[PDB]
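Asks: from the sequence below, what's the structure:
(one chain, ligands or ions: 2)
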Amino acid sequence: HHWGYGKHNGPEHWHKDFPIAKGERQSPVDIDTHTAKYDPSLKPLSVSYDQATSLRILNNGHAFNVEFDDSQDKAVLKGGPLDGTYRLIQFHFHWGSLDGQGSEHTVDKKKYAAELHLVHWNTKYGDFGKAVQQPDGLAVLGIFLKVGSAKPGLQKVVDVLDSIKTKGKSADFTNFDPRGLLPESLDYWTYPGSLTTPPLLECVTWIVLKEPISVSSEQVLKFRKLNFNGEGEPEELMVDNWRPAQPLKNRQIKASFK
Ligand SMILES: NS(=O)(=O)c1c(F)c(F)c(S(=O)(=O)CCO)c(F)c1F
Ligand SMILES: [Zn+2]
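Replies: Residues are numbered from 1 along each chain as shown. Ligands and ions are numbered 1, 2, ... in the order given. Take a look at the structure below.
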């Protein structure tokens, strides 16, 4: 009876196994745009993905992860609200059963169809497993997805999905360039928060881009054909793998822009 996304083992149950679920800096949150504070001293985000080495794509039973070689500073995030340097380890998405839901963060209560998380760890901690045990261990770049015109840089991911339909499957996934998933603007909101799935650790500097990307209905439909189950088990479509917004508590969301 492990955690997941249902009646029986979804977000409202997680706190029994992972009591920080009710902690002081949980994610995601609703981004009230009018109340976010413009901070003129926030720096532009530096996204340096040119040397990124994707390796593999994995269905982990909760989402799919596109993995990168994080054994050197290739793709890194810095600047923005951060100190030092954060290495890209993986990206994944959260999405809905319907275009009207799927994102984890919300913007003035608006839900997007999906949300991309580019996950980076602070090189001062040496590796990801140590970093998650630190309050400044991770920087997650969140990017909203709306349904409209296709994102051509996404198709390379969508098309491999049938090879990883079920939980535990992986496929080689080299030469994927995550720059093709970015919107034009790097304007952002930022706040201190947590992992949005168990173990829910309070180790994340969240950086959420204001500009969504557009993906097509057909692209997101392919996400919804993935399965939470393993091969040879009853089919449970991988949909609605998002955590709802959590109490903001004693936090201020900062905006890089006005
Ligand atoms: N959605 S999110 O970006 O916050 C995110 C991560 F990026 C992430 F790497 C993990 S994890 O702790 O690696 C494994 C979960 O059991 C997470 F748990 C997790 F929630
Ligand atoms: Zn995520």
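Asks: looking at this, residue 92 is in a helix?
Replies: No. Assessed by DSSP: H, G, I helix; E, B strand; the rest coil, residue 92 does not belong to a helix; its assignment is strand.
Asks: neighbours around it, how many?
Replies: 20 (other C-beta atoms under 10 Å). C-beta here means a position set from N, CA and C on the backbone, and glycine is covered the same way.
Asks: excluding its backbone neighbours, what's nearest it?
Replies: Leaving out its chain neighbours, the residue that sits closest to residue 92 by C-beta to C-beta, 6 or more residues apart in numbering is residue 63, at 4.3 Å.
Asks: list the residues that contact that neighbour.
Replies: With contact taken as C-beta atoms under 8 Å, 6 or more residues apart in numbering, residue 63 is in contact with 92-94, 238, 241.
Asks: helices along the stretch 1-150 of the chain, start to end?
Replies: Shown for the stretch 1-150 of the chain, the helices assigned by DSSP state H, counting those that start in this stretch span residues 128-131.
Asks: brain fart, the stretch 151-258 of the chain
Replies: 152-158, 217-223.
Asks: how about those helices, which one is nearest residue 14?
Replies: Closest to residue 14 of those is helix 217-223 (C-beta to C-beta; 22.5 Å).
Asks: check which helices and strands that closest one sits against.
Replies: Contact here means 3 or more C-beta pairs under 8 Å, 6 or more residues apart in numbering; DSSP states H and E; on that basis helix 217-223 packs against strand 85-95, strand 138-147, helix 152-158.
Asks: residues of that helix that come out buried?
Replies: 219-220, 222-223 (16 or more other C-beta atoms under 10 Å).
Asks: name the nearest residue to residue 174, ignoring sequence neighbours.
Replies: Per C-beta to C-beta, 6+ apart, closest to residue 174 is residue 54, 5.9 Å.
Asks: about what we covered before: closest to ligand 1 out of the helices of the stretch 151-258 of the chain?
Replies: helix 217-223 (15.1 Å; C-beta to the nearest ligand atom).
Asks: isn't residue 53 right up against residue 68?
Replies: Yes. Using C-beta atoms under 8 Å, residue 53 makes contact with residue 68 at a distance of 5.9 Å.
Asks: common neighbours of these two, please.
Replies: Common neighbours of residue 53 and residue 68, using C-beta under 8 Å, 6+ apart, are 74-75.
Asks: look at the two and report which has more neighbours.
Replies: Using other C-beta under 10 Å as the criterion, residue 53 and residue 68 rank with residue 68 on top: 25 against 16.
Asks: report the beta-bridge partner residues of the more buried one.
Replies: Counting by DSSP bridges, residue 68 forms beta bridges with residue 54.
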